[PDB]
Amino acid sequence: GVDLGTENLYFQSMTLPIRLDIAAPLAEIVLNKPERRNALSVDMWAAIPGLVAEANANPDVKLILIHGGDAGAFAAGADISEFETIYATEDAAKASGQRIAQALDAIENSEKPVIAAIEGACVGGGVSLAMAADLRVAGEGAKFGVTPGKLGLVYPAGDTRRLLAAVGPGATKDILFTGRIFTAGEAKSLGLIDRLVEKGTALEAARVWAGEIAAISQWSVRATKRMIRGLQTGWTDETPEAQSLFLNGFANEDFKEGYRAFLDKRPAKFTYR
């Protein structure tokens, strides 16, 4: 038995403003500043790459979810109380940008797929988080907006890329040129979110969707994600990586089992973790 520690350590671990819950085959990145409607702070951004790494290193985890817990919001934009710190100097502002880019890139490049489950406010950094995920499900009543234009800022290259790829140039320009807040219904219509469900059911829907993906070959799921990311970043049909990834399709432990299951006339029981 590992040492049970102290109340202060326990309280510190619960009050972390973002955390990773493990419930195999899921890991859940839970935004956990409910008293500020999950407005994104420095320490939240700083923690994300570590949480993503933890989920990816745990073999019981197949899929990662990202959601707002019981805050009643996904993320209500940036925390205005930190504005004075993050923008005090050019250096602090630059570091803020890097910290955010690292968090978003870590989510985007996660070996394991990431599903965002969105209720209530999903604004600014919230949209950026959501778009870094592979898949997005939102409850009715959720609200979306990207607002650097209301501040005199510009949305970064990565965030803009991810948005463009989902909604196209016209819709991206509308969103960013106006900074307007729009409904889940419009988000669905624009292609910003992939599924629209009944209010308060996004998390359950994400879990069931994740369950479906978890049931198939995880070798395939992860390879698929690499293939897609590869193609988005310039791979062609001739690219050696793309060819070898395809050929590894026939040489991996899941296909070995899939092939055996087809011959034995039984369900496949995939083992790749």
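The numbering used is simple: start at 1 and walk along the sequence shown.
- Once the C-alpha B-factors are averaged per stretch, 115-123 and 88-96 rank with 88-96 first.
- Higher mean CA temperature factor between 8-16 and 256-264: 256-264, per the PDB entry.
- Highest CA B-factor among the listed residues (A206, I216, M44, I29): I216.
- Among all modelled residues in its chain, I48 ranks in the lowest third by Cα B-factor.
- The entry lists a Cα temperature factor for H67 that places it in the lowest third of the chain's modelled residues.
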